[PDB]
Amino acid sequence: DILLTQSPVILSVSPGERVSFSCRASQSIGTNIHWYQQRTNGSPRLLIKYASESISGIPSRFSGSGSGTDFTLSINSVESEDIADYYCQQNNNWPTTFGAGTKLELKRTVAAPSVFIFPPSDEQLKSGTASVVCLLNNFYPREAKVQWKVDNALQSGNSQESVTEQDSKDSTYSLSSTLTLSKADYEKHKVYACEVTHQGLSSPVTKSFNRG
Amino acid sequence: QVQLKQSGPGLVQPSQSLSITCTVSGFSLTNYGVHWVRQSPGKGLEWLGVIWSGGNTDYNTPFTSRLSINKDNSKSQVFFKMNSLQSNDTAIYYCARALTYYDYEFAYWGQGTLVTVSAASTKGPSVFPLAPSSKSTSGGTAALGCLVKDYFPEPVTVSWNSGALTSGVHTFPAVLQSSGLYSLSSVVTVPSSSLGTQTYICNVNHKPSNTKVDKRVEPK
Amino acid sequence: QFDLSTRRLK
Ligand SMILES: *[C@@H]1O[C@H](CO)[C@@H](O)[C@H](O)[C@H]1NC(C)=O
């Protein structure tokens with residue numbers, strides 16, 4: 001099979017900038033290469049066919065060039081909606097094969113998270129489990145720190161985090177930190193605090209509540 | 001308009017077989033071939049095979065023995081079937097159509113079907129409210145959400161107000177709990193002044209267990 | 001590596 005090598009693995013650029021993706025082939029494949037875009041939760045979208053031929057419905061800022069073994073997909077002026085993964089495909093040789101992709105991230109100005117805390121619902125408590133949710137909304141960059149404390153006791157190992165992919169409109173991330181306690185443990189304590197640390201904050205933000 | 005719509009996501013027990021139906025429209029299976037591609041964590045995009053206009057099939061070499069593709073032209077359905085699945089066959093499977101009848105440049109894709117190969121049992125989620133409050137309201141903007149907890153396998157869909165509410169929505173990637181069950185929150189920020197006059201509902205759909213829940217989320 | 005949850009490389 002033809003091996004397709006995409007480089008680098010991650011690209012990071014600022015909006016309006018030009019960016020190029022590299023796709024290299026294990027042996028010559030002429031111009032028999034196609035390019036695809038994959039956005040979060042999407043199926044691939046065909047961007048360019050046969051190295052340089054344009055596709056109907058695709059923005060003019062997308063183009064491709066190359067021949068033989070060395071190929072390039074370009075975006076002359078990147079937009080927030082371009083945040084996605086990009087894949088090349090060869091069909092000069094059977095079976096058709098795909099590269100492993102390149103991730104395109106967008107830089108933007110620093111944005112401090114908005115922090116919100118949510119106690120467990122009385123509904124969930126009926127089931128014997130308590131989830132405390134802490135939400136960091138619309139921040140950049142992705143690096144953040146969440147510290148949980150129950151009655152001044154540092155919590156460790158009993159929380160999971162999830163981070164969205166970059167917003168296609170404003171380029172921010174959001175993060176949820178969920179602290180999970182048995183209902184029994186939850187009832188044996190009073191003060192629940194979520195403490196947030198981010199480059200955009202001039203001091204840590206603490207959101208908290210007393211049970212009841 | 002050319003469209004490909006695949007059957008829903010689901011569990012398949014190890015060593016068992018996978019079945020997906022691809023129903024197309026805006027073209028005839030008598031005029032175009034239909035291709036199958038998958039996307040897995042370990043191998044990424046793999047082309048699996050194709051059924052051609054006239055009924056001939058090609059299968060990528062590693063799959064010749066356990067893959068069968070069939071269609072019903074009149075029904076516009078293409079039928080994908082793969083045998084003896086192992087855990088690394090866990091992938092999103094797509095059906096696809098090229099630009100020209102003989103080619104492989106895939107201009108049209110189905111929405112994908114997430115197939116999980118696992119010994120475990122299908123389980124629907126419980127949906128709990130993340131109620132807005134003062135601890136959740138700053139500068140007239142309130143945050144609220146739904147905790148979608150303890151389901152298996154992926155995925156679940158979550159929308160808000162039956163699709164009418166999309167701005168400010170973040171549905172977080174699921175995380176696997178130690179129980180082997182997935183959990184997820186979905187949030188949305190809204191004007192705090194609208195908490196009195198607007199209803200907020202997360203529409204949760206877990207197709208593999210056929211669990212559909214509408215959860216109203218009210219200030220506490 | 002492709003993530004099945006988000007369909008993005010992680
Ligand atoms: C999964 O395992 C088989 C052997 O059982 C291996 O040959 C194959 O390459 C693997 N496939 C993936 C998608 O990782």
Side-chain angles (χ1 to χ4, degrees), chain A residues 40-41 80-81 83 106 108-121 131-142 144 146 161-168 170-179 192 194-201 204-209, chain B residues 127-149 156-174 183-204 214-220, chain C residues 6:
Chain A
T40 304
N41 298 136
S80 64
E81 23 282 306
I83 294 165
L106 232 41
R108 50 154 295 153
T109 66
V110 171
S114 302
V115 185
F116 307 91
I117 190 169
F118 297 99
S121 60
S131 288
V132 193
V133 176
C134 181
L135 169 75
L136 286 60
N137 209 39
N138 297 2
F139 57 92
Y140 184 89
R142 200 190 196 270
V146 172
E161 291 192 354
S162 191
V163 183
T164 52
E165 291 291 329
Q166 260 189 309
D167 190 273
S168 67
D170 65 27
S171 301
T172 69
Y173 300 87
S174 290
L175 179 151
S176 74
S177 188
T178 306
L179 178 74
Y192 294 80
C194 164
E195 201 206 57
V196 171
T197 292
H198 188 265
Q199 169 181 354
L201 300 171
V205 166
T206 298
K207 289 293 187 162
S208 51
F209 65 89
Chain B
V127 186
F128 303 113
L130 301 174
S133 67
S134 301
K135 304 295 180 164
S136 148
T137 295
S138 186
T141 291
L144 61 90
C146 283
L147 173 62
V148 183
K149 198 182 192 308
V156 296
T157 58
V158 176
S159 52
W160 285 88
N161 293 2
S162 305
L165 174 65
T166 54
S167 79
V169 176
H170 300 299
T171 291
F172 289 98
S183 198
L184 167 167
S185 285
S186 177
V187 303
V188 59
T189 53
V190 294
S192 56
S193 55
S194 75
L195 297 182
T197 59
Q198 284 290 327
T199 63
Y200 294 104
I201 292 197
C202 67
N203 324 99
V204 179
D214 284 340
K215 179 86 212 178
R216 171 78 175 268
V217 182
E218 277 168 359
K220 188 77 151 294
Chain C
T6 61

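Atoms considered below: every heavy atom in the structure, side chains included; atoms not considered: hydrogens, waters and symmetry mates. Just so we're on the same page: letters track the sequence lines, and every chain starts at 1.
Under a 3.5 Å cut-off, the side chain of B:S183 and the backbone N or O of B:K149 do not form any donor-acceptor pair. Listed for the B:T189 side chain is no donor-acceptor partner under 3.5 Å among the backbone atoms of B:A142. Remark: the backbone N or O of B:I201 is paired with a side-chain donor or acceptor of B:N161 at under 3.5 angstrom. Checking side-chain atoms of B:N203 against main-chain N and O of B:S162 turns up a donor-acceptor pair under 3.5 Å. Remark: the backbone N or O of A:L106 is paired with a side-chain donor or acceptor of A:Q166 at under 3.5 angstrom. Within the 3.5 Å criterion, the main-chain N or O of B:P173 finds a donor-acceptor partner in the side chain of A:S162. Looking at B:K215, its side chain never comes within 3.5 Å of a backbone N or O of B:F128 through a donor-acceptor pair. Between the A:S174 side chain and the A:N138 main chain, a donor and an acceptor come within less than 3.5 Å of each other. Judged purely by atom type and a 3.5 angstrom limit, B:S136 has no side-chain atom pairing as donor or acceptor with the backbone of A:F116.
Residues A:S168 and A:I83 have side chains not in contact (no heavy-atom distance under 4.5 Å, counting atoms from C-beta outward). In this structure the side chain of B:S159 never reaches within 4.5 angstrom of the side chain of B:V169, judged on heavy atoms. Using a 4.5 Å cut-off on side-chain heavy atoms (C-beta onward), B:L144 and B:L130 make no contact.
With sequence neighbours excluded, the residues satisfying side chain to side chain contact (heavy atoms under 4.5 Å, CB included) with B:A131 are B:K220. Legend: residues meeting salt bridge (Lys or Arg N to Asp or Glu O under 4.0 Å) with A:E195, ordered by chain and number and at least two apart, are absent.
Taken from OG1 in B:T199 to CH2 in B:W160, the straight-line distance is 11.0 Å, to the nearest 0.5 Å. Here the CZ atom belonging to A:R142 is positioned 7.0 Å from the CD atom belonging to A:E165, to the nearest 0.5 angstrom. Here the SG atom belonging to B:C202 is positioned 9.5 Å from the CG atom belonging to B:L147, to the nearest 0.5 angstrom. For the atom pair NZ (B:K135) and OG1 (B:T137), the distance works out to 11.5 Å, reported to the nearest 0.5 Å. In this structure, A:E161 CD and A:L136 CG are separated by 8.0 Å, a value rounded to the nearest 0.5 Å.
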Could you give me the CA-CA distance, side-chain angles and deciding distance for A:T178 and A:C134, then say whether side chain to side chain contact (heavy atoms under 4.5 Å, CB included) is met? CA-CA 6 Å; A:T178 306; A:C134 181; over 6 Å; no
Evaluate side chain to side chain contact (heavy atoms under 4.5 Å, CB included) for B:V217 paired with B:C146, printing each intermediate quantity in order. CA-CA 7 Å; B:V217 182; B:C146 283; 3.6 Å; yes
Side chain to side chain contact (heavy atoms under 4.5 Å, CB included), that's the test. Do A:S80 and A:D170 meet it? Break it down for me. CA-CA 7 Å; A:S80 64; A:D170 65 27; over 6 Å; no
Pair A:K207, A:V196 - check side chain to side chain contact (heavy atoms under 4.5 Å, CB included), show working. CA-CA 8 Å; A:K207 289 293 187 162; A:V196 171; over 6 Å; no
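In terms of heavy atoms, B:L184 sits closest to B:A174 at CB-CA, 4.3 Å. Between A:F209 and A:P120, the shortest heavy-atom distance links the atoms CZ-CD, 4.2 Å. Nearest heavy atom pair, residue A:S208 against residue A:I117, reads N-CG2, 4.0 Å.
Of the candidates A:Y173, A:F139, A:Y140, A:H198 forms a ring-ring contact (aromatic ring centres under 6.0 Å, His included) with just one, namely A:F139.
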